[PDB]
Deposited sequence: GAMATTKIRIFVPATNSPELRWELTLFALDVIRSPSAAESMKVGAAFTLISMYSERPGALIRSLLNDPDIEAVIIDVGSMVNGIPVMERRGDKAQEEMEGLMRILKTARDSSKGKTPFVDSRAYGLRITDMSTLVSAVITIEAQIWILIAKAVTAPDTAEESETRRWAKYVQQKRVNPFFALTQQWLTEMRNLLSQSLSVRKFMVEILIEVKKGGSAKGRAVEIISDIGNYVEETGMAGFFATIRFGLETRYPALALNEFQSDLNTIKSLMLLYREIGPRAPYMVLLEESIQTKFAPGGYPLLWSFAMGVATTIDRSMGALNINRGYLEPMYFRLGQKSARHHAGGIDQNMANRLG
């Protein structure tokens, strides 16, 4: 369909993967790279942690709106993949304009990282994870409402799970974040990796650690109203649920709950997918039951204080009813 070129390392060679990583970094910041090239470079970056990235992408690409031509790269000459033409020349223009474009800046806060030669496996891994971690973190601040920072990156640093040396500039991360916002395919494929990692089955411990952290944060955040509603609105089994006014909200949440059962792990990651389903499970679709649930939760659970605040859908009469029902059942 919309073909996408994906460059992938053909070997575990630290030096090949590091130059290949840098090139992908450069495509994304490049002015004369088609959005299709940039999408491919995201795949390259996102999959670089794996033993065999090309095989990772093929086994997990579930996406009809795109055709991936995965291209094996056995070696780099002058920072660009070697191909087994003008096509060579094009990949040079991508580097040159990426470089000339910015004020001598690199994708890295410490420019030294950009000129660095890596040949040790543990330094590659560390650099690759550190770069990937920063990309996944973009996914994290996307799912949140902008009603909240750096505690993320700082946590990984004190934990030494990330290497501050390979920190990307804001300008580069903004390029990446743009790409994520505009490209359903990259997000879709990231969703595949989140599902794949949960499963899981890989020995890339440090990578799947950081991907799990995000994945789990995306789940907790997007399904938080849903499950609070079930836990505090339904599970408490208050007879006030039989009031006529709750009946449509009961239908809705029954449909959503059946949904969750047949979709499976994909369901919590809907918040990252097509616009029209991102809010599938959002409590604003069953707001009276939600408000009732809020009223129970803030009454009986000391960890639920956040729910005293109206984020837009709070229905005061139903919130009060929750408080009253919770106070009535001891």
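Within the chain's deposited sequence, the coordinate-free stretches run 1-4, 89-94, 159-162, 345-356 in sequence order.
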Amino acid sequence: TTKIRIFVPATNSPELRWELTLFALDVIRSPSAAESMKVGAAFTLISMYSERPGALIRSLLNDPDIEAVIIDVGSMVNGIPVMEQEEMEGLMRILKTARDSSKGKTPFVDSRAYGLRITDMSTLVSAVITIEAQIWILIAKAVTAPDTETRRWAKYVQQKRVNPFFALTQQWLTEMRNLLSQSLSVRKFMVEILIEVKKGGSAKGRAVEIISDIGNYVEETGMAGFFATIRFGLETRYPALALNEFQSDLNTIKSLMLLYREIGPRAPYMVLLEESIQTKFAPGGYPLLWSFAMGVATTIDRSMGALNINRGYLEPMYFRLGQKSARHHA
From here on, numbers count along this sequence of modelled residues.
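Averaged over CA atoms, B-factors in the entry run higher in 89-97 than in the other of 89-97 and 247-255.
If you average the C-alpha B-factors over 237-245 and over 198-206, the higher value belongs to 198-206. In the PDB entry, the Cα temperature factor peaks, among 212, 221, 163, 159, at 159. Per the PDB entry, 77 shows the highest C-alpha temperature factor of the residues 125, 168, 116, 77.
Among the modelled residues of the chain, residue 51 sits in the middle third by CA temperature factor in this PDB entry.
Among the modelled residues of its chain, residue 192 has a C-alpha B-factor that falls in the middle third, as given in the PDB entry. Residue-level temperature factors show residue 186 in the middle third of its chain, judged at the C-alpha atom. Among all modelled residues in its chain, residue 132 ranks in the lowest third by Cα B-factor. Among all modelled residues in its chain, residue 228 ranks in the lowest third by Cα B-factor.
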